[PDB]
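Descriptive analysis of the structure
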Amino acid sequence: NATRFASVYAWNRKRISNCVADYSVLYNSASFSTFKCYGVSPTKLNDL
Amino acid sequence: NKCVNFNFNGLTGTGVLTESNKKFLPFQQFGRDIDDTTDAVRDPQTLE
Amino acid sequence: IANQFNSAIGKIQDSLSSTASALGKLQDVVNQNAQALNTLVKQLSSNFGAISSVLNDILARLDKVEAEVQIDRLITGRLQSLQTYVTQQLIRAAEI
């Protein structure tokens with residue numbers, strides 16, 4: 001929901017740490033056009 | 001001292017979990033056998 | 001005669017107390033089996049081109065289709081490990 005996304009020639013990286021997480025709230029978001037996960041099945045994000 | 005399916009901070013297995021007299025160094029969380037497999041673990045809630 | 005016979009028995013007891021490379025033919029069979037076991041163990045740590053080298057680590061991260069494409073591989077690489085392990089042992093069992 002954040003206002004400005006970084007120009008990719010200088011793309012931006014958020015570091016996330018020291019927290020619990022949930023990904024059910026991502027996959028069950030209506031907005032997404034694409035959600036490909038390559039190391040881990042998208043549902044399994046919630047048991048790791 | 002009973003046989004259980006387990007998930008220790010995402011590192012799963014099946015086995016008997018039992019106490020240890022092997023003193024881990026303060027920074028360590030997994031141990032490993034000769035067979036490379038996880039022979040010992042430190043619990044994330046209670047540091048035994 | 002009996003003394004020179006006992007003298008040779010004495011030399012054997014001292015010899016076996018003094019050496020181990022003489023038993024080297026029994027050492028050889030157990031060492032062939034020791035490194036053969038050690039080889040099969042190392043192969044459980046091989047990735048075999050899969051995403052990951054450990055089965056239960058995969059079961060912690062994939063589901064049903066993108067999981068089985070990895071499980072058939074681990075199976076292939078390990079199956080070859082067993083074929084070769086048992087081939088190396090069978091031709092060994094003929095030596096023994």
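For the structure itself, consult the block above.
Residues numbered from 1 in each chain as written, not as in the entry; some residues may be left out. Chains lettered and ligands numbered in written order. Part of a larger assembly, values for the part shown. Heavy atoms only, no water.

For the rest of this paragraph, the subject is the overall build of chain A. Of the regular secondary structure elements, chain A holds 1 helix and 0 strands. Taken over the C-alpha atoms alone, chain A extends approximately 35 × 30 × 20 Å along its principal axes. (Helix = DSSP H or I, 4+ residues; strand = E, 2+ residues; numbered from the N terminus.)

The interface is formed by 8 residues belonging to chain A together with 6 residues belonging to chain C. With both chains or domains summed, chain A and chain C bury close to 530 Å², and 34% of this area falls on carbon and sulfur atoms. The largest contributions to the chain A side of the interface with chain C come from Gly39, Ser41 and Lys44 of chain A, which together make up 64% of the buried area. Summed over the shared surface of chain A and chain C, the number is 0 salt bridges. The tally of links from chain A across to chain C stands at 6 residue pairs in polar contact. Split into classes, the residues belonging to the side of chain A that touches chain C amount to 4 nonpolar, 2 polar and 2 charged. (Contact = heavy atoms within 4.5 Å. Buried area = accessible area lost by both parts, 1.4 Å probe. Salt bridge = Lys/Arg side-chain N within 4 Å of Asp/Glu carboxyl O. Polar contact = N/O pair within 3.5 Å; in protein donor to acceptor, adjacent residues only side chain to side chain. Nonpolar A, V, L, I, M, F, W, Y, C, P; charged D, E, K, R; others polar.)

The subject of this paragraph is the packing of aromatic side chains. Scanning the entire structure with this criterion turns up 3 aromatic pairs over all chains. On the numbers, 5.4 Å between centres and 25° between planes, the contact of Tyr27 of chain A with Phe35 of chain A is stacked. On the basis of relative accessible area, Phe35 of chain A is assigned to the partly exposed category, the value being 27%. Considering the side-chain rings of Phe6 of chain B and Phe8 of chain B, the 5.8 Å spacing of their centres and the 80° angle between planes classify their relative orientation as edge-to-face. The exposure classification of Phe6 of chain B matches that of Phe8 of chain B, with both residues buried. (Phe/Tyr/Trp six-rings, centres within 6.5 Å; stacked < 30°, edge-to-face > 60°. Buried < 20%, exposed > 50% of the residue type's maximum accessible area, 1.4 Å probe, protein only.)

Moving on, we get to the pattern of salt bridges. Residues and elements named next belong to chain C. In total, this model carries 1 salt bridge over all chains according to the counting rule given. The residue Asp57 makes a salt bridge to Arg61 at a minimum N-O spacing of 2.8 Å. Owing to a relative accessible area of 28%, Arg61 belongs among the partly exposed residues under this scheme.

A separate point is helix α4 (residues 68-93) of chain C. All names here are of chain C. Between the first and last C-alpha of α4 there are 36 Å, a value that for 26 residues agrees with the 38 Å anticipated at 1.5 Å per step. Listed as buried for α4 are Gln70, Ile71, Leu74, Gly77, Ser81 and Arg92. Along its buried surface, α4 packs onto α2 (24-42) and α3 (55-59). (Expected span 1.5 Å × (residues − 1).)

Quick look at the pairing of strand β1 (residues 3-8) of chain B now. All names here are of chain B. Pairing of β1 with strand β2 (residues 11-16), which is carried by 6 bridges, proceeds in the antiparallel orientation. Within the sheet, the bridge partner assigned to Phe6 lies in β2 and is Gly13. With antiparallel pairing between neighbouring strands as the criterion, β1 and β2 make up a hairpin whose turn holds 2 residues, including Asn9 at a positive phi of roughly 50°. (Pairing = 2+ DSSP bridges.)

This part is about the packing of α2 of chain C against α4 of chain C. Describing two packed helices takes the angle between their axes plus the distance from one axis to the other. Residue and element names in this part refer to chain C. Put simply, α2 and α4 touch, their axes get as near as 10 Å, and they point 170° apart. By the angle between their directions, the pair α2 and α4 is classed as roughly antiparallel. Facing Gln32, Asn33, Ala36 and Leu40 of α2, the residues of α4 in contact are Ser81, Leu82, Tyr85, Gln89 and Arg92. For the contact of α2 with α4, the class distribution of residues is 4 nonpolar, 4 polar and 1 charged. (Axes fitted to C-alpha atoms, helices over the stretch in contact; angles between N-to-C directions. Parallel < 35°, antiparallel > 145°, perpendicular 65-115°, else oblique.)

Although it is not a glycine, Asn18 of chain A adopts a positive phi angle of roughly 55°. On the secondary structure map, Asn18 of chain A appears in the segment before α1 (24-27). Judged by its relative accessible area of 81%, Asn18 of chain A falls in the exposed class. Notably, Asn9 of chain B is not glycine yet its phi reads approximately 50°, a positive angle. A residue is classified by how much of its surface remains accessible, and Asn9 of chain B, at 42% relative accessible area, is partly exposed.

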